[PDB]
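The first residue in the sequence is number 1, and the count goes up from there. When reading the values below, keep in mind they use all heavy atoms of this one structure, side chains included, and skip hydrogens, waters and symmetry mates.
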Amino acid sequence: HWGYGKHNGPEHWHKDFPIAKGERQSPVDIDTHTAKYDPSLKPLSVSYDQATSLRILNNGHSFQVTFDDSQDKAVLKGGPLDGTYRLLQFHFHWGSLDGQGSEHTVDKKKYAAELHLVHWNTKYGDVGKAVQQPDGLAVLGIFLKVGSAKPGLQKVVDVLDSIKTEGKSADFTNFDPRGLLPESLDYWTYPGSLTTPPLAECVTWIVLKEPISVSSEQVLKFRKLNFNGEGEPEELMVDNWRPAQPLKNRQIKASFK
Ligand SMILES: C[C@]12CC[C@H]3[C@@H](CC=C4C[C@@H](OS(N)(=O)=O)CC[C@@]43C)[C@@H]1CC[C@@H]2C=O
Ligand SMILES: [Zn+2]
């Protein structure tokens, strides 16, 4: 029922999910001059060498690549985190044009798109339990700008024609998400939420300062996806981003000076 349109979009979500107006909602604008350098923050540990991708899916709000999270094969640790977070899936948010698409903004700057790698805390045993906990999830956010192609993204772009409409899925084995990472793991971090329903306040956000560059041809392929099911009027899958929410009583911390 919820979506990104005039009648069902982010301004409507609070009616089915009242936590939409809560104290720790995401995304937010990252004010770079107000974010505090925290020399206590550790380097982020990204261990994706044994990642096992399974499927790529159009879920009617994005597309996601899903991983085997039944063992510690692809894990996020350190940075602001206590303990071990398993990679469940990655997905993107993007715009109708290059000047919008990111969920987080930097000094009010919007990027063409934003990549989210979703991880859950192994101390809670499964992701359904983890979303009920204030430290249940860690989402690694990476900005996309349009320029040079990202070679590591091309395998994803080339299969999108096979999952054009909602619920369509395909085999997507042996995909290496290390090919989506920028050089630097310098980050901002703050306590927040899922950015779609159910908007659960379970997320430690880790947003990388360095964007990756993707080509216009790569992002054009995102914009050919459809929100609609096969045979329905349909409706290009574009502008699937929630706008920045009030920071309220929260501090954004920087890992870097
Ligand atoms: C599957 C669930 C509902 C959907 C939840 C998932 C946890 C995290 C994300 C990531 C989020 O996007 S974002 N932008 O916040 O990272 C989109 C929603 C989604 C897929 C839940 C785990 C349990 C729950 C129902 O069984
Ligand atoms: Zn997301």
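- Listed for the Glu232 side chain is a donor-acceptor partner under 3.5 Å among the backbone atoms of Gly229.
- Not a single donor-acceptor pair under 3.5 Å links the side chain of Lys123 to the backbone N or O of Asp82.
- Of the possible polar contacts, one joining the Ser184 side chain to the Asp186 backbone as a donor-acceptor pair under 3.5 Å is found.
- The structure places OG1 of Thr196 at 8.5 Å from CZ of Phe17, a figure rounded to the nearest 0.5 Å.
- A side-chain donor-acceptor contact under 3.5 Å links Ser26 and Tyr190.
- Few gaps surround NZ on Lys73; more than 12 heavy atoms of other groups in view lie less than 6.0 Å from it.
- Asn59 and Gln64 share a donor-acceptor pair across their side chains, judged by distance under 3.5 Å alone.
- Under a 3.5 Å cut-off, the side chain of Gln218 and the backbone N or O of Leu153 do not form any donor-acceptor pair.
- Residues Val146 and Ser215 approach most closely at CG1-C, 4.1 Å, considering heavy atoms.
- For the atom pair NZ of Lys36 and NZ of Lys253, the computed distance is 11.0 Å after rounding to the nearest 0.5 Å.
- Here CE of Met237 is found 8.0 Å from CD1 of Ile163. Values are rounded to the nearest 0.5 Å.
- No side-chain donor-acceptor contact under 3.5 Å links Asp68 to the backbone of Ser53.
- Put simply, CG on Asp126 and OG on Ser70 are 12.5 Å apart, with the number rounded to the nearest 0.5 Å.
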I would like to know whether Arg55 and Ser169 meet side chain to side chain donor-acceptor pair (under 3.5 Å); could you show each step before the answer? CA-CA 7 Å; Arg55 303 291 296 174; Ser169 67; 3.1 Å; yes

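- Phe175 has its ring centre no less than 6.0 Å from the ring centre of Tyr48.
- Looking only at distances, a side-chain donor or acceptor of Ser62 sits under 3.5 Å from a matching main-chain atom of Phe92.
- The two atoms that bring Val28 and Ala244 nearest to each other are C-CB, 3.9 Å, heavy atoms only.
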Is there a side-chain contact (heavy atoms from CB on, under 4.5 Å) between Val219 and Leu144 once you walk through the steps? CA-CA 9 Å; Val219 69; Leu144 281 61; over 6 Å; no

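- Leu180 places none of its side-chain heavy atoms less than 4.5 Å from the side chain of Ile142.
- Looking only at side-chain heavy atoms (C-beta outward), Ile252 and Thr34 stay at 4.5 Å or farther from each other.
- Residues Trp94 and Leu225 have side chains in contact (heavy-atom distance under 4.5 Å, counting atoms from C-beta outward).
- Results of the side chain to side chain contact (heavy atoms under 4.5 Å, CB included) test with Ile30 over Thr105, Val207, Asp107 single out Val207 as the only residue that passes.
- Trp241 and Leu97 fall into different hydrophobic clusters, where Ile, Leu, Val, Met, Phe, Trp and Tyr are joined by side-chain heavy atoms under 4.5 Å apart, directly or via other members.
- Hydrophobic clustering, with ILVMFWY side chains joined whenever heavy atoms are under 4.5 angstrom apart, keeps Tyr85 apart from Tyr124.
- Formation of a donor-acceptor pair under 3.5 Å by the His119 side chain with backbone atoms of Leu117 is found in this model.
- Note that CG of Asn58 is 6.5 Å distant from CD of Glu166, once rounded to the nearest 0.5 Å.
- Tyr111 carries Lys109 over the face of its six-membered ring, with the cationic atom under 6.0 Å from the centre and within 45° of the normal.
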Applying side-chain contact (heavy atoms from CB on, under 4.5 Å) to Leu199 and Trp13, what does each step give before you reach the verdict? CA-CA 9 Å; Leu199 298 172; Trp13 292 349; 3.9 Å; yes

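- In this structure, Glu210 places its CD atom where more than 12 heavy-atom neighbours from other residues, nucleotides or ligands lie under 6.0 Å away.
- A donor-acceptor contact shorter than 3.5 Å is absent between the side chain of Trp2 and the backbone of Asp16.
- At a threshold of 4.5 Å between non-hydrogen side-chain atoms, the residues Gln154 and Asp158 count as touching.
- By the ring-ring contact (aromatic ring centres under 6.0 Å, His included) test, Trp188 is found to be paired with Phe256, residues two or more places apart in sequence or in another chain being considered.
- Paired with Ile206 under the rule side chain to side chain contact (heavy atoms under 4.5 Å, CB included), one option of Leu185, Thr189, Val46 passes, and it is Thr189.
- Counting only heavy atoms from C-beta outward, the side chains of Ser255 and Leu44 never approach each other to under 4.5 Å.
- Under a 3.5 Å cut-off, the side chain of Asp31 and the backbone N or O of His33 do form a donor-acceptor pair.
- Considering every non-hydrogen atom in both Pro182 and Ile212, the closest pair reads N-CG2, 3.7 Å.
- Using a cut-off of 4.0 Å between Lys/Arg side-chain N and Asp/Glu carboxylate O, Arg223 and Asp98 are scored as salt-bridged.
- Put simply, CD on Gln50 and CG on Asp72 are 12.0 Å apart, with the number rounded to the nearest 0.5 Å.
- Between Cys202 and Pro134, every side-chain heavy-atom pair lies at or beyond the 4.5 Å cut-off.
- Residues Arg86 and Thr122 bring no donor and acceptor atom of their side chains to less than 3.5 Å of each other.
- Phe222 and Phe63 have perpendicular rings, their planes meeting at more than 60° on a 0 to 90° scale where under 30° would count as parallel.
- The aromatic rings of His116 and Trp205 sit perpendicular, their planes meeting at an angle over 60°, well past the 30° parallel limit.
- Using modelled atom types and a 3.5 Å distance limit, the side chains of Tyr4 and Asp239 yield no donor-acceptor pair.
- Ion pair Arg242/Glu103 not flagged as a salt bridge, since none of the NZ, NE, NH1 or NH2 atoms sits closer than 4.0 Å to an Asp/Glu carboxylate oxygen.
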Going through the checks in order, is the side-chain contact (heavy atoms from CB on, under 4.5 Å) test met by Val139 and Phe90? CA-CA 9 Å; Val139 183; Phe90 69 79; over 6 Å; no

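- Note on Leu181 and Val65: same hydrophobic cluster, where clusters join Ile, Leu, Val, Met, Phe, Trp and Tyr whose side-chain heavy atoms are under 4.5 Å apart, directly or indirectly.
- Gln132 places a side-chain N or O within donor-acceptor distance of the main-chain N or O of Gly128, the cut-off being under 3.5 Å.
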Steps toward salt bridge (charged side-chain N to carboxylate O under 4.0 Å, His left out) verdict (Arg178, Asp176): CA-CA 5 Å; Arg178 293 180 296 187; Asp176 190 342; 2.8 Å; yes

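- Taking the side chain as every heavy atom from C-beta outward, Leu41 and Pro39 never approach each other to under 4.5 Å.
- Within the 4.5 Å cutoff, the side chain of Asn240 has no heavy atoms near those of the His61 side chain.
- Judged by distance alone, the side chains of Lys110 and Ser102 never bring a donor and an acceptor atom under 3.5 Å apart.
- In this model, a donor atom of one side chain and an acceptor atom of the other lie less than 3.5 Å apart for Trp120 and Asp69.
- Under a hydrophobic clustering in which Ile, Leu, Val, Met, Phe, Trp and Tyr are joined whenever their side-chain heavy atoms come within less than 4.5 Å, directly or via other members, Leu54 and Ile56 fall into different clusters.
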Stepwise side-chain contact (heavy atoms from CB on, under 4.5 Å) check, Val203 with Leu194: CA-CA 7 Å; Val203 184; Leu194 309 179; 3.8 Å; yes

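- Summarising the geometry of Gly167 relative to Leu57, their closest heavy-atom pair is O-CD1, 3.7 Å, with the distance given to 0.1 Å.
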